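Shown next, in structure tokens, is the structure this report addresses.
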């Protein structure tokens, strides 16, 4: 699928969300550049104010844009499943608070990479760090290990996200993740390795709707 990622690819992101009953929606657009492992996207909450902090939706809101070094192109399951795509599915468990369950299909719709997400949030404390909006507007870099899931012909990953709390503590969110291809072509089941993600969160001075401007770098590493 790498032939589809040699240049700048436009991105659409749509998420329908429900946490402790409140319904919100988010739409973003932007572009990826798997050559630099670079991602640029801006998201707006088209239902009003975001009921959760923006940094907790970042992982949910396109790993086919990772830069797989040329000596690791055979371990790039994400691009190999394209253009038919894959399902990305996660549990996100906020320590001492609620959890997210997310299901997304990531696929080429015409020439655009589309990521469409259903997110459900359950059992959150009305005064915890999530519904309380007590998290700093940033996102800590992480290295997440990828391993094949032969029984499902895809991959899995689990890792820890640490959100900074404003009071100087840390709000941990355990991520459990499974990817399986949508189509039936052969794909590349990878040797173990990891992806390194770094994210800069900003604001748009000329936007008065709830929004997030995101700059993401993703790189693969950990082979021979």
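Cβ sites come from the backbone with ideal geometry, for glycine too, and all protein chains shown count toward neighbours. No value in this document is a laboratory result; all are computed from the given coordinates.
Points to keep in mind about this one:
- Failed condition for residue 147, given (1) within 25 Å of residue 12 (Cβ to Cβ); (2) assigned to a strand (DSSP E or B); (3) over 15 Å from the mean Cα position of the chain (by Cα): (1)
- Residues (surrounded by 13 or more Cβ atoms within 10 Å (Cβ to Cβ) and more than 21 Å from residue 103 (Cβ to Cβ)) located in the range 2-28: 2, 4, 5, 8, 9, 10
- Within the range 29-46, considering residues that are farther than 20 Å from residue 104 by Cα and surrounded by fewer than 21 Cβ atoms within 10 Å (Cβ to Cβ), the one nearest to the chain's Cα centre (by Cα): 38
- Exactly one residue among 65, 139, 94 is surrounded by 13 or more Cβ atoms within 10 Å (Cβ to Cβ) and touching a helix residue (DSSP H, G or I) at 6+ places or on another chain (Cβ under 6 Å), and that residue is 139.
- Residue 187 passes every criterion in (1) in contact with a helix residue (DSSP H, G or I) (Cβ under 8 Å, 6 or more places away or on another chain); (2) crowded, with 18+ Cβ neighbours inside 10 Å; (3) assigned to a strand (DSSP E or B) apart from (3).
- Listed by position, the strands (runs of 3 or more DSSP E) contained in the range 76-141 that have at least 1 residues being under 17 Å from residue 23 (Cα atoms) are 99-109, 112-122.
- Condition broken by residue 124, with the remaining ones in (1) in contact with a helix residue (DSSP H, G or I) (Cβ under 6 Å, 6 or more places away or on another chain); (2) over 23 Å from residue 179 (Cα atoms) satisfied: (1)
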